[PDB]
Amino acid sequence: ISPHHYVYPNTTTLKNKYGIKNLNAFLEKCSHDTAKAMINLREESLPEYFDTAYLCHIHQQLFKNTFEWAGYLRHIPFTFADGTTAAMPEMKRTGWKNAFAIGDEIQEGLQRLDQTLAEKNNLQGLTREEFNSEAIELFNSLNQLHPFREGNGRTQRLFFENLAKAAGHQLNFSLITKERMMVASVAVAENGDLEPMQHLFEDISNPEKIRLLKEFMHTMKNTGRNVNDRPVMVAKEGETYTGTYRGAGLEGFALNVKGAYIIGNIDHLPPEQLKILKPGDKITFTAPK
Amino acid sequence: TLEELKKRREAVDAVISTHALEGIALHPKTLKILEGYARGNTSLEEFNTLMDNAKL
Ligand SMILES: [Mg+2]
């Protein structure tokens, strides 16, 4: 048994159903098939029990055409059709945080997630704020558990989108940049600080806020600007920001603060301000109640 | 129908986004077939046939 058994000897490429040993061709083809699987997955009925079974069913549908172990957890020994047996009870991180659950810690953690969702009835019959506070605890825990050999982020995100949908809310992760995701997660894992993650879940659940970030991202694409490496967020109620006026749109306006993009509602600007405001102007904005 | 276009738009945006959050950009044939379904010029059965037949 060995973690090494997941990759072709003398390479860094994961054994796959296509037999691609060249890393980038494997990535493009696995990416292509996983796109196909997500579109079709969007057509299945939502489960009655959100649990570890459902998590593994999602991973299995995403990666079944790529990996023999689609849907298998990494601390359970998996035997390839070639005869070798792989597992990775400990998956070390280069340079990173407190890292990931090890071995039996994965198992315990998943049992806990199973118990919690079950006693709280899949987080249903809650308001949006209630749902988000519960969801955040489960999301941080699944972040640490990281139970699959590969594809953990994609499976977890789909799990929490569908979980919110069945509880009558939404989580729109396509509005979150790679930068902001990493800031929020390491604030949890490193500093014990939940605020960035709570603010993340608020921006992508609040309908008023989703409209604003939708417009901003749409503009960025039409501009041909890639913000995946920058913080993008909606101004928090009561906070003040000071920076460079970035322009305005039908629904919202953008502020630029030490490289970050801060989105706010146009109706919250003083109309005596909006009138003469030019891109590059230095403005201060306090978001209201 | 508009509601359906809404659904598929979100669905392709989510596919693209969830890879970008891993540092992955999709192959241009992948983006072309996805965009044809979001528009959509293609039913889901046709979109699946074109994803199956793409040569990367
Ligand atoms: Mg991955």
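Every chain is numbered from 1, with letters handed out A, B, ... down the list of sequences. Computation of the quantities below employed the complete heavy-atom set of this structure, encompassing side-chain atoms and omitting hydrogens, waters and symmetry-equivalent molecules.
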The test is side-chain contact (heavy atoms from CB on, under 4.5 Å); show your working for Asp13(B) and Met217(A) and say whether it passes. CA-CA 11 Å; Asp13(B) 284 353; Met217(A) 294 288 186; over 6 Å; no
Measure distances from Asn172(A) to the heavy atoms of chain B and classify the residue's part below 4.5 Å as side chain, backbone, both or neither. side chain
Is chain B contacted by the side chain of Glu43(A), its backbone, both, or neither, given a heavy-atom distance below 4.5 Å? side chain
Closest contact, heavy atoms only, [X] versus [Y]:
X	Y	value
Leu44(B)	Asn40(A)	CD2-OD1, 3.5 Å
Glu22(B)	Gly153(A)	OE2-CA, 3.4 Å
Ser174(A)	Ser17(B)	CA-OG, 3.1 Å
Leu56(B)	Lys29(A)	CD1-CA, 3.9 Å

Neighbour count >12 (heavy atoms, 6.0 Å) for atom [atom1], [X]:
X	atom1	result
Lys97(A)	NZ	yes
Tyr72(A)	OH	no
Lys221(A)	NZ	no
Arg230(A)	CZ	no
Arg39(B)	CZ	no
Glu3(B)	CD	no

Between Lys7(B) and chain A, with a heavy-atom cut-off of 4.5 Å, which part of the residue counts as in contact: side chain, backbone, both or neither? both
Which bit of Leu26(B) comes within less than 4.5 Å of chain A, counting heavy atoms only: side chain, backbone, both or neither? side chain
Report the option among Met181(A), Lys178(A), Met182(A) that has the most heavy-atom pairs separated by less than 4.5 Å from atoms of chain B. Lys178(A)
Taking every heavy-atom pair that is under 4.5 Å apart, which of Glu179(A), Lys36(A), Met38(A), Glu161(A) has the most such pairs with chain B? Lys36(A)
When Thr18(B), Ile24(B), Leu34(B) are compared by non-hydrogen pairs under 4.5 Å with chain A, the top option: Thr18(B)
Leading residue by heavy atom contact count with chain A [cutoff under 4.5 Å; candidates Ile16(B), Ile33(B), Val12(B), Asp52(B)]: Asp52(B)
Strictly below 4.0 Å, N to O, side chains only: are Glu10(B) and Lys214(A) in salt-bridge contact? yes
If we ignore hydrogens and angles and just use 3.5 Å, is the side chain of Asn228(A) paired with the main-chain N or O of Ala20(B) as donor and acceptor? yes
Student check: side-chain heavy atoms of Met51(B) and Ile39(A) closer than 4.5 Å: no
Please walk me through it: do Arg154(A) and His19(B) pass side-chain contact (heavy atoms from CB on, under 4.5 Å)? CA-CA 8 Å; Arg154(A) 281 173 276 172; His19(B) 288 88; 3.2 Å; yes
